[PDB]
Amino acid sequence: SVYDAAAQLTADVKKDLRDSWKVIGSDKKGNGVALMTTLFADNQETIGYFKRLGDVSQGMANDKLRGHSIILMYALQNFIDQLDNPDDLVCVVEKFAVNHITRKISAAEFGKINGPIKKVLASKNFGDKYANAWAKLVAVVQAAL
């Protein structure tokens, strides 16, 4: 359950999340768009959920994709900012989960974002330690789906 999954965010996980977000979150447009095109490249079957975005291979030049990618990064910003207070983290994760549940995005489907995250981290010289901290935050959202 999500209260139990939020409890796996221990002190070192929280610190590694903030330390990597300080670099990733510096360029929300650039890293958000890179996140999404890596998801589409590595997991082409997820493009069906994003029909409204139009031609996803245009990347940055697709205004709808660029708008979605920037907004996605503010949801991550929000989660990072709630790490101090588990009660606020949980109520924000459950609120966020509503629209993903309506779209029938399962926990297994959501978990496909981990591969893209690991790759964007790796491009900024953040290794496995950080990829695993981010997998634990994505697991809090998965528990709400």
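Start at 1 and count along the sequence shown; that's the residue number.
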| item | value |
| --- | --- |
| Entry-level comparison of average CA B-factors, 78-86 and 51-59, reporting the higher stretch | 51-59 |
| Which of 96-104 and 64-72 has higher mean CA B factor, as the PDB entry lists it | 96-104 |
| Which of 33, 91, 41, 113 ranks first by CA B-factor in the deposited coordinates | 41 |
| Residue 139 CA temperature factor, ranked by third within the chain | lowest |
| Third of the chain, ranked by Cα B-factor, where residue 122 sits | highest |
| Cα B factor band for residue 10 (lowest, middle or highest third within the chain) | highest |
